[PDB]
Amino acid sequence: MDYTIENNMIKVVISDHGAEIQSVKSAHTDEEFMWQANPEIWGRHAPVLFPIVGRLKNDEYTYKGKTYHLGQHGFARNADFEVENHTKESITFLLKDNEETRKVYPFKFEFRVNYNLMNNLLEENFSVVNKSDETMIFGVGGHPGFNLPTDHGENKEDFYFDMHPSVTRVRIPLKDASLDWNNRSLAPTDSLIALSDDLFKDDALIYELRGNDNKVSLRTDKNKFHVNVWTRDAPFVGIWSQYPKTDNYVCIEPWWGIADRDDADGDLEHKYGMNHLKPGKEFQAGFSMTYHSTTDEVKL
């Protein structure tokens, strides 16, 4: 089921299936900001990643000596959430553990995804409450896909991303869906990086983030199009688009979790970059997105 939150600036449609944004449109220009999930390329819009971000080696892990099987980015995106609260400019989806999640993930939890509007700014906020009698181990992340508009002669290579603060950051390369740890290197994120079909030939660009002032701007100097993602305290951000079958979108993925390292031992308790949450406690994270059309955000 789809649900709408909206104001005078932007209108957002979100599904209770995976608590996933389906659509973000300018109230002024009717421009669509979200990738529309063409199944020929990538049949999702903006998945929620939980209780892991990225892939486990062999899609498996052990916990307390027992082996579990869990696919890339966990189960949230295939789960149906309850609508806990819904007002004009806010909606909160809730997912609890059930018989099925417990089979692949031996924890009890309350996972809430809240979306709310402030002008042309949309928050995507995560809340995880551990309901288990032991410390819960999880990753959580966003994965919004944004259109690159090409209705007025623009091309993907006219677009770029720019990270603020403008500092060089460590990139963690991916090899066979695991972190190619020993090839981490400082990357030229102190200035813009242009998009292209070939850019993502070696999978997602993964950057180590520091502090809480990080913002990734997706822009073009052809027009006024501008999507800004404020990653708050995310320790990582992934930038990705499909390859070898390409299309005109890019994902900017704030992550509080990360794929297995090439050398992971598979023990969940040893898994690098996971959050550890004591019984009864709450973890909160999230990020914010602002949208600007190719033209002015004014009444025409």
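In this text, residue numbers run from 1 along the sequence as written.
*Can you tell me which stretch has the higher mean Cα B-factor, 107-115 or 148-156?*
The stretch with the larger mean CA B-factor is 148-156.
*Please rank the C-alpha B-factors of the chain's modelled residues and tell me whether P244 sits in the lowest, middle or highest third.*
Highest third of the chain for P244's C-alpha B-factor.
_Chain third (lowest, middle, highest) by recorded CA B-factor, residue given as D203_ = It falls in the top third of the chain.
*asked:* By the recorded C-alpha temperature factor, relative to the other modelled residues in its chain, which third is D30 in?
replied: CA B-factor rank for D30: lowest third.
*Consider only the C-alpha atoms of the modelled residues in this chain, order them by B-factor as the entry records it, and name the third containing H45: lowest, middle or highest.*
Tercile = lowest for this residue's CA B-factor.
*If you rank the chain by CA B-factor, which third does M163 end up in: lowest, middle or highest?*
Highest third - that is where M163 ends up once the chain's C-alpha B-factors are sorted.
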